[PDB]
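This report refers to the structure that appears directly beneath it.
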Amino acid sequence: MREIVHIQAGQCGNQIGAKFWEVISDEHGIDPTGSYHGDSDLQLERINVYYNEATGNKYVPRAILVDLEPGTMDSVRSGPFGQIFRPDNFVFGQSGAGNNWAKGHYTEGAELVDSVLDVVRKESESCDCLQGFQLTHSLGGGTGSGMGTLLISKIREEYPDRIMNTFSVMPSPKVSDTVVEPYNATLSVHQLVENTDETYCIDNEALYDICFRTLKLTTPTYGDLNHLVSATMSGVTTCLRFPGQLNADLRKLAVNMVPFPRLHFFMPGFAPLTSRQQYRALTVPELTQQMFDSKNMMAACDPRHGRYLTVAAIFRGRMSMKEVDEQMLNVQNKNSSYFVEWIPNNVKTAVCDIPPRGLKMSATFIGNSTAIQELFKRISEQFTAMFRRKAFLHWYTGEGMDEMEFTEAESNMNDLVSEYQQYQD
Amino acid sequence: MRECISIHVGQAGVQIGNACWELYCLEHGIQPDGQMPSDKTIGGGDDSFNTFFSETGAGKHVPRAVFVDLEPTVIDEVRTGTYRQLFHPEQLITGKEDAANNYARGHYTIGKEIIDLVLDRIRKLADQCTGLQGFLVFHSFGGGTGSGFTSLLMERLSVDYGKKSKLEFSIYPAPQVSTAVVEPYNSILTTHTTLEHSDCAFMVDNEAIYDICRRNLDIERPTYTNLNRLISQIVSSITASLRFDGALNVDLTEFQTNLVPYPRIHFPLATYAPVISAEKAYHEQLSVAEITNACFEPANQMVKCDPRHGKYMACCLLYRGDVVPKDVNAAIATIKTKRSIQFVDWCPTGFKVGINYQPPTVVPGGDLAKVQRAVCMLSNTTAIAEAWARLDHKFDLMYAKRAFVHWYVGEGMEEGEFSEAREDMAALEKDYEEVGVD
Amino acid sequence: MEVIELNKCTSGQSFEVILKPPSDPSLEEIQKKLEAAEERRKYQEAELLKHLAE
Amino acid sequence: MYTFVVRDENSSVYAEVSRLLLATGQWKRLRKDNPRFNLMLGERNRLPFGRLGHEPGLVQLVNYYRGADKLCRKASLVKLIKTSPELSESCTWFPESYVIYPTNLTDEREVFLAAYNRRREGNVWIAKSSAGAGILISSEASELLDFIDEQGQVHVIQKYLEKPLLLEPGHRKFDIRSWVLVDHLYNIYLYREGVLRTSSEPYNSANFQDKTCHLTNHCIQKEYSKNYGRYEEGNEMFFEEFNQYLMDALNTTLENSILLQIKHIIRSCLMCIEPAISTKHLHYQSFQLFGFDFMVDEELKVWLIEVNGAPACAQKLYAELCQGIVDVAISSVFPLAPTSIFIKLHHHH
Ligand SMILES: Nc1nc2c(ncn2[C@@H]2O[C@H](COP(=O)(O)OP(=O)(O)OP(=O)(O)O)[C@@H](O)[C@H]2O)c(=O)[nH]1
Ligand SMILES: Nc1ncnc2c1ncn2[C@@H]1O[C@H](COP(=O)(O)OP(=O)(O)CP(=O)(O)O)[C@@H](O)[C@H]1O
Ligand SMILES: Nc1nc2c(ncn2[C@@H]2O[C@H](COP(=O)(O)OP(=O)(O)O)[C@@H](O)[C@H]2O)c(=O)[nH]1
Ligand SMILES: CNc1ccccc1S(C)(=O)=O
Ligand SMILES: CNc1ccccc1S(C)(=O)=O
Ligand SMILES: CNc1ccccc1S(C)(=O)=O
Ligand SMILES: [Ca+2]
Ligand SMILES: [Ca+2]
Ligand SMILES: [Ca+2]
Ligand SMILES: [Mg+2]
Ligand SMILES: [Mg+2]
Ligand SMILES: [Mg+2]
């Protein structure tokens, strides 16, 4: 009984977290009312990792929905699986965060964080043995970015030896709500560099390019972008949610994926990514070739620009595990210049019999790559382009912040870039 | 009669224990409920099998084993499995969260908080013994428990059972069945702290077990059940002398005497044959010479290496089945004239032979086929040092960058213990070379 | 090529052949090592909480 | 796309092989420490064989046979010939040799003097070691032993061929170098192209102090010999010329007078150690190029001098031979999407 406490904060966080519970709840046979109606015992094998069992054999997600305005969470409550969430686990305010990190982290957010931690503490007090936490949120907004990172700081204070995991959406000018997203993202990145063990970096620009090009959709919605995040999350949590040959466990994953404490920002990806010529069967070679291709990665970074420190790959469905080993070894033994040679056997592979709903077989890619520095370089450049003129700073200095704090976040990330650089050579 | 307590640590050890005691029961005619019809002494007796089994007044024969794991998923299978009735609950010890493939976590953080409990359960089995020989410890190198908690247990066992002997069955890390990048760290950390506490260690390299399963058993992708059932065969061939009437390797002290003239070089190389697929139409049964000659083929060693380029410090031939001393020596002479058996000048160029007439027992529905005669060769060769080189080299690739070291420091381990452990393996490699090379 | 010490019983026999002739820490010290690491963990956690308090 | 690593920067041979491998556009080179490789052109000394054949999915191949040093060491070859029943101490094609340790250190000092005292009662011997360019030729036993004691490494004393076949005109000594390649299957291929490293100085049996007409090494003739390159270019005669000479002068062919014995000596040596170095049932595979050095006396009898484990090739035969290595040794295990230049020496495995 290794339970995970899930937390979703802000607009992006709750909308993405919503579909995430809409996806895996389907994979475990749980209906909108929490009742189980699957047909395989493997669905309930590790069901208590993400779900609490209530009276009447009901399964209630172990999730905490957090926001500073009620709008997004009201929708989820009226959404597809809105009924399934715990009524108490909704913690929200009324002032909102105005896409301001300072408001979510220092003023507005501070006024609400304690009541969230009271709910987190409540879910933990019932866990037999809590693995750790996972947080969904964006870094470009105010709540999930500013208050999300505040939550992580306070959760680490109360549970210092638990694993902190996050799915963090990175802002792109091409999928932008406001011009202050670089400011908010640079401030959160520093928090994440300190207080998380793993951070799956999802770049909205990659989600757009996949929807536009690979998927063939004309400038889609945040909803379209989110189905990719749903899939990605269901992928990287497969080895945790089902009985895999491996012990899974968040800490074991961290130990094998994180050779250095500050370099824990992963590039996710999966296959297939087919547009609607969709009923065609995909071979194990096709899954592997695409799974390592840049166009199937959510971080929007070219791996052929850096080196893989560690790689994880989960295959789903009844397939030839011999042909799986053959293909994985063929990707490595054909591009070994992109893997560091000072970490023996840094590419691990597991199989899961249960595939994504409506798919014969699939592949999820988890890469700890030094090419992620291209992402932090983009944010840093966008940040400095405005901070050099102190543009839009008054929104933040008006909430009690100081330019000094910005200058530190700036330097903290330029060092993070330097760190990723020394390990690429 | 003198008793032997087996300790199974971590997932690898516990699961391999499953395979051994399953086989031990089928060999000694013991049922899953612990009953033994052939046993005529009810609830007591000092027979050869009583070295591994106690007896209750209700005629039940209970293994003298302890299963320890920091996480309960593995041992829980035993609690509801076929042989759930053999063991009583005290023998199965489980924690709540494992060491996460982190030596420091199993030795220090978690190890400290449960070490005194395990010893308390071991003391219970010990108190049932009238003349305990020692302990057999099954564990893995790569696992955080198998490595970290084992070495702590070994140190304490040397403190509470000073005069007792301790043998190991260790699983060498193999990428083809591991998702752990840090196992080289764990293997070298645990070999450093365990060395002065183990009298004789039997290393099985998963790479070897993996290939034997694929080449001989035609298993495309082996499972832990395929691997462990084969591993328990070798283990059965090595422990058979302790559980049966005989004169060779009757107690654990005889294992160092006949296999380890130098204390630090206490890692014999095991070789086994034949391994025939049960799915095979029907194999031509091999003779004494053919199975004996195979003992000098790399494809059936528990550790892939080249004995032709080493020196033997000792050699034991364990036979099971239809084998008479005449045939053994007959094949030996034929091998001395074909192979290059180079001993060390300070060791006799001889060998000890043990023959048990009962042929190897096969698990119903298993992968191995029934054979009339088989052999397991224990040879203390400097060639096994190749496995140390391979491992030490991988340890060096990562440690030059301190990769993953923070996970160990974060559990309380000092960084210097790393280099101190590596310096010890460097000494071990030097010993092997001073004894083998000219 | 001599056979020596041939033992025979109902369940088998054993012999030896000579092809060619030849030519700890105390329970006190373990508790200290264990408590030493436990203290290093308490110190590292102390600095983390100190950091968080700042 | 096959991958290989290079761990011997001083190899002239495999430098051409690696050059050709890259030419095929189907072989990729890796850093000398990247363990994911299909082919290793490894170092000379302390090649880590123990680390080969343990990377899942890779069939690995190496250009050295572990254990060949027994046959490519001055003192090792002697011991192997005297102790291997296949060769016997009565081996008729290897000069009478003895292992002699310096007194500052088994040893065959007394056994040598017994045979020496018998001859004194042609008794010209030569001393050499593997730590030389340092060789001494003498007919007094006292000068040979005192020379070894002045050193610190193991040496070997063997009978000096006082009746070496001399080429005319010139009355000059010489030797023959044959390249032999053994592949993973242990097929012995003899390169069709040999070379005679001739002496540009007239052989003289009344003066062993001057070692320029006795030693036919390409470095000595091109450094201490003053007639270097007079008869044949670079003191290197090839089989075409040496074959025509044997016909005009001795009325016989290189095949029947010398090559049969060479092909026999190569077989007997390689077959002998096959059980100790074969990689048929090993986790990796091995091949290796060898340089056999022969002597020929006035009776057209062939003698084995030594076997080099990392030999060089004649400047004019690098392309032909190196390509031959890629064909039968490398591409035979890693095929690529004739009239062989080798002579297969069949044998019982
Ligand atoms: N032969 C064999 N090897 C195993 C088995 N189980 C695990 N291993 C090997 O052991 C290594 C991992 O160690 P584990 O025993 O799983 O780890 P542990 O002792 O449970 O310690 P934790 O990290 O706390 O789980 C891997 O290299 C596996 O290949 C098994 O049943 N048989
Ligand atoms: N027993 C013998 N009888 C006649 N000549 C001999 C001899 N031993 C050595 N030589 C001479 O010495 C030369 C070979 O020397 P040797 O090969 O032992 O030294 P080396 O190994 O440093 C040169 P290489 O590059 O061929 O290995 C030949 O040219 C030969 O003429
Ligand atoms: N992928 C994805 N990104 C989103 C979504 N909603 C907002 N974002 C991104 O998140 C940033 C704004 O954060 P926001 O959701 O407003 O955070 P909040 O202040 O906590 O509500 C911008 O960069 C948006 O592009 C969503 O539903 N999906
Ligand atoms: C989801 N699309 C989105 C969201 C916010 C701003 C702009 C866009 S777009 C890529 O259509 O220009
Ligand atoms: C298209 N893939 C998908 C879709 C829904 C749920 C899970 C997956 S995955 C990444 O685990 O294969
Ligand atoms: C998601 N991680 C994963 C997937 C497949 C195989 C191994 C791993 S691990 C936990 O060892 O990194
Ligand atoms: Ca307020
Ligand atoms: Ca009894
Ligand atoms: Ca002891
Ligand atoms: Mg918004
Ligand atoms: Mg475990
Ligand atoms: Mg030489």
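Chain identifiers are assigned alphabetically (A, B, ...) following the order of the sequence lines, protein sequences preceding nucleic acid strands; residue numbering begins at 1 within each chain. Computed over heavy atoms, backbone and side chain alike; hydrogens, waters and symmetry mates excluded. Counting starts at 1 for both ligands and their atoms, following the listed order.
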Could you list each N/O atom of ligand 4 together with any protein N/O atom closer than 3.5 Å, one pair per line with the distance?
residue, atom, partner, partner atom, Å
ligand 4, 2 (N), A:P220, O, 3.4

Inset, instruction - Examine the proximity of ligand 1 to B:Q11 and report which part, side chain or backbone, both or neither, has a heavy atom under 4.0 Å away. - result: both
Inset, instruction - I would like to know whether B:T239 and B:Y24 meet side chain to side chain donor-acceptor pair (under 3.5 Å); could you show each step before the answer? - result: CA-CA 10 Å; B:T239 72; B:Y24 292 166; 2.9 Å; yes
Legend entry - B:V118 side chain reached by B:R156 side chain, heavy atoms, under 4.5 Å: no
Inset, instruction - Would you indicate whether the side-chain heavy atoms of B:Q15 and B:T225 approach each other to under 4.5 Å? - result: no
Legend entry - Under 4.0 Å to a heavy atom of B:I171 - the qualifying atoms of ligand 1, by number: 1 (N), 3 (N)
Inset, instruction - Could you check if a side-chain atom of A:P171 sits within less than 4.5 angstrom of a side-chain atom of A:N184, using non-hydrogen atoms only? - result: no
Legend entry - B:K166 side chain vs B:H197 backbone, donor-acceptor pair below 3.5 Å: yes
Legend entry - No-hydrogen, no-angle side-chain donor-acceptor test under 3.5 Å, B:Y224 and B:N18: no
Inset, instruction - Could you pull out the N/O/S protein atoms under 3.0 Å of the Ca ion (ligand 7), ignoring any water? - result: A:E111 OE1
Legend entry - Element-labelled atoms of ligand 1 that are located less than 4.0 Å from some non-hydrogen atom of B:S178: 27 (O)
Inset, instruction - Examine distances only and state if a side-chain atom of A:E3 and a backbone atom of A:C129 form a donor-acceptor pair shorter than 3.5 Å. - result: yes
Inset, instruction - Pull out every atom of ligand 1 sitting under 4.0 Å from any heavy atom of B:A100, numbered as shown with elements. - result: 23 (O), 24 (O)
Inset, instruction - Would you tell me which option among B:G143, B:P173, B:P175, B:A99 has the nearest heavy-atom contact to atom 12 (C) of ligand 1? - result: B:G143
Inset, instruction - Determine whether the side chain, the backbone, both or neither of B:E183 has a heavy atom under 4.0 Å from any heavy atom of ligand 1. - result: side chain
Legend entry - Member of A:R162, A:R2, A:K252 meeting the salt bridge (charged side-chain N to carboxylate O under 4.0 Å, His left out) criterion with B:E97: A:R162
Legend entry - Nearest heavy atoms of B:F135 and B:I7, plus distance in Å: CD2-CD1, 4.0 Å
Inset, instruction - State the CE-CG distance between A:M1 and A:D128, to the nearest 0.5 angstrom. - result: 5.5 Å
Legend entry - Contact partition for B:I231 relative to ligand 1, non-hydrogen atoms under 4.0 Å: side chain
Legend entry - Note, B:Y103 side chain near B:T190 side chain (heavy atom, < 4.5 Å): yes
Legend entry - Minimal non-hydrogen separation, B:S187 against B:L391, with atom names: CB-CD2, 3.4 Å
Inset, instruction - Would you mind running through ligand 1 and noting each atom that sits below 4.0 Å from a heavy atom of B:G10? - result: 19 (O), 20 (O)
Legend entry - pair A:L225-A:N204: side-chain heavy atoms closer than 4.5 Å: yes
Inset, instruction - Look at atom 9 (C) of ligand 1 and find which of B:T223, B:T179, B:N206 reaches it with the closest heavy atom. - result: B:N206
Inset, instruction - Find the distance between CG (B:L230) and SG (B:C213) and round it off to the nearest 0.5 Å. - result: 5.0 Å
Legend entry - Atoms of ligand 1 close to B:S140 [distance to a heavy atom under 4.0 angstrom, numbered from 1]: 10 (O), 13 (O), 14 (P), 15 (O), 19 (O)
Inset, instruction - Within a distance under 4.0 Å of any heavy atom of B:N101, pick out the atoms of ligand 1 and give their elements. - result: 23 (O)
Inset, instruction - Could you pull out, from B:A12, B:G95, B:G13, the option with a heavy atom nearest to atom 7 (C) of ligand 1? - result: B:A12
Inset, instruction - Report yes if some heavy atom in the side chain of A:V180 is under 4.5 Å from a heavy atom in the side chain of A:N100; otherwise report no. - result: no
Legend entry - Side-chain heavy-atom pair A:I4, A:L240 within 4.5 angstrom cut-off: yes
Legend entry - Chi angles and distances behind the side chain to side chain contact (heavy atoms under 4.5 Å, CB included) call for B:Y408, B:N186: CA-CA 10 Å; B:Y408 294 76; B:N186 298 338; 2.7 Å; yes
Legend entry - ligand 1 N/O within reach of B:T145 N/O, cut-off under 3.5 Å: yes
Legend entry - Atoms of ligand 1, numbered as shown, that sit under 4.0 Å from any heavy atom of A:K252: 22 (P), 23 (O), 25 (O)
Inset, instruction - Check each of B:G144, B:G148, B:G106 against atom 22 (P) of ligand 1 and report the one with the nearest heavy atom. - result: B:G144
